[PDB]
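Single-structure report; data block below.
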Amino acid sequence: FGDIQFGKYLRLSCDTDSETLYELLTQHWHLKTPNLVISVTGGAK
């Protein structure tokens with residue numbers, strides 16, 4: 001848990017279901033989405 005300052009980060013197991021993640025990130029945090037964009041890059045150093 002906890003903030004980062006130089007945002008809210010989190011260490012998480014891969015085996016959790018996505019619904020508790022979404023309920024966390026919408027209820028305890030900011031609101032819903034009319035849209036959702038995905039960019040894939042990260043092998044590009």
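Convention: chains lettered A, B, ... in structure tokens order; per-chain residue numbering from 1; ligands numbered from 1 as shown.
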
Need the shell around residue 29 in chain A: protein/DNA/RNA residues with any atom at most 10 Å away, counting only C-alpha atoms. Skip same-chain ones fewer than 6 positions apart. Format as a PyMOL selection string?
chain A and resi 8+22-23

Could you go through chain A and tell me which residues DSSP, when run on the backbone, assigns to helix (DSSP H, G or I), listing them as a PyMOL selection string?
chain A and resi 18-28

Selected residues written out with N, CA, C and O atoms, as an mmCIF file, in the first residue's frame:
```cif
data_model
loop_
_atom_site.group_PDB
_atom_site.id
_atom_site.type_symbol
_atom_site.label_atom_id
_atom_site.label_comp_id
_atom_site.auth_asym_id
_atom_site.auth_seq_id
_atom_site.Cartn_x
_atom_site.Cartn_y
_atom_site.Cartn_z
ATOM 1 N N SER A 18 -10.106 -9.922 -11.243
ATOM 2 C CA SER A 18 -10.133 -8.524 -11.636
ATOM 3 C C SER A 18 -11.280 -7.751 -11.010
ATOM 4 O O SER A 18 -11.231 -6.516 -10.980
ATOM 5 N N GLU A 19 -12.305 -8.439 -10.502
ATOM 6 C CA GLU A 19 -13.485 -7.719 -10.041
ATOM 7 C C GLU A 19 -13.217 -7.001 -8.727
ATOM 8 O O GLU A 19 -13.722 -5.894 -8.512
ATOM 9 N N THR A 20 -12.393 -7.585 -7.852
ATOM 10 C CA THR A 20 -12.049 -6.878 -6.624
ATOM 11 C C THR A 20 -11.102 -5.719 -6.903
ATOM 12 O O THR A 20 -11.178 -4.691 -6.220
ATOM 13 N N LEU A 21 -10.275 -5.835 -7.950
ATOM 14 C CA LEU A 21 -9.428 -4.730 -8.385
ATOM 15 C C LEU A 21 -10.277 -3.573 -8.886
ATOM 16 O O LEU A 21 -10.040 -2.413 -8.533
ATOM 17 N N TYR A 22 -11.275 -3.880 -9.717
ATOM 18 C CA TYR A 22 -12.118 -2.835 -10.282
ATOM 19 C C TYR A 22 -12.993 -2.197 -9.216
ATOM 20 O O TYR A 22 -13.188 -0.976 -9.218
ATOM 21 N N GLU A 23 -13.517 -3.005 -8.288
ATOM 22 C CA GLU A 23 -14.321 -2.460 -7.201
ATOM 23 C C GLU A 23 -13.485 -1.585 -6.281
ATOM 24 O O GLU A 23 -13.954 -0.529 -5.845
ATOM 25 N N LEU A 24 -12.232 -1.978 -6.027
ATOM 26 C CA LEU A 24 -11.297 -1.120 -5.303
ATOM 27 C C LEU A 24 -11.084 0.199 -6.021
ATOM 28 O O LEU A 24 -11.278 1.279 -5.448
ATOM 29 N N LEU A 25 -10.751 0.120 -7.305
ATOM 30 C CA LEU A 25 -10.224 1.270 -8.019
ATOM 31 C C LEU A 25 -11.348 2.218 -8.425
ATOM 32 O O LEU A 25 -11.102 3.377 -8.774
ATOM 33 N N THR A 26 -12.596 1.750 -8.357
ATOM 34 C CA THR A 26 -13.721 2.642 -8.614
ATOM 35 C C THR A 26 -14.365 3.142 -7.323
ATOM 36 O O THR A 26 -14.780 4.304 -7.248
ATOM 37 N N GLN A 27 -14.485 2.285 -6.305
ATOM 38 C CA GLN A 27 -15.158 2.698 -5.081
ATOM 39 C C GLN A 27 -14.247 3.532 -4.192
ATOM 40 O O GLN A 27 -14.601 4.652 -3.806
ATOM 41 N N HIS A 28 -13.074 3.002 -3.849
ATOM 42 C CA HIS A 28 -12.208 3.707 -2.918
ATOM 43 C C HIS A 28 -11.463 4.845 -3.595
ATOM 44 O O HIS A 28 -11.008 5.776 -2.921
#
```

Report as an NGL selection string all protein, DNA and RNA residues lying within 9 Å of residue 1 in chain A, evaluated on only C-alpha atoms, omitting residues in the same chain fewer than 6 positions from it.
:A and (8-11)

Any idea what the distance is between CA of residue 34 in chain A and CA of residue 5 in chain A?
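Between CA of residue 34 in chain A and CA of residue 5 in chain A the gap is 28.9 Å.
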
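Taking CA of residue 40 in chain A and CA of residue 12 in chain A as the two end points, the separation is 20.2 Å.
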
Figure out the distance between CA of residue 15 in chain A and CA of residue 32 in chain A, please, to one decimal in Å.
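Taking CA of residue 32 in chain A as the start and CA of residue 15 in chain A as the end point, the length is 23.9 Å.
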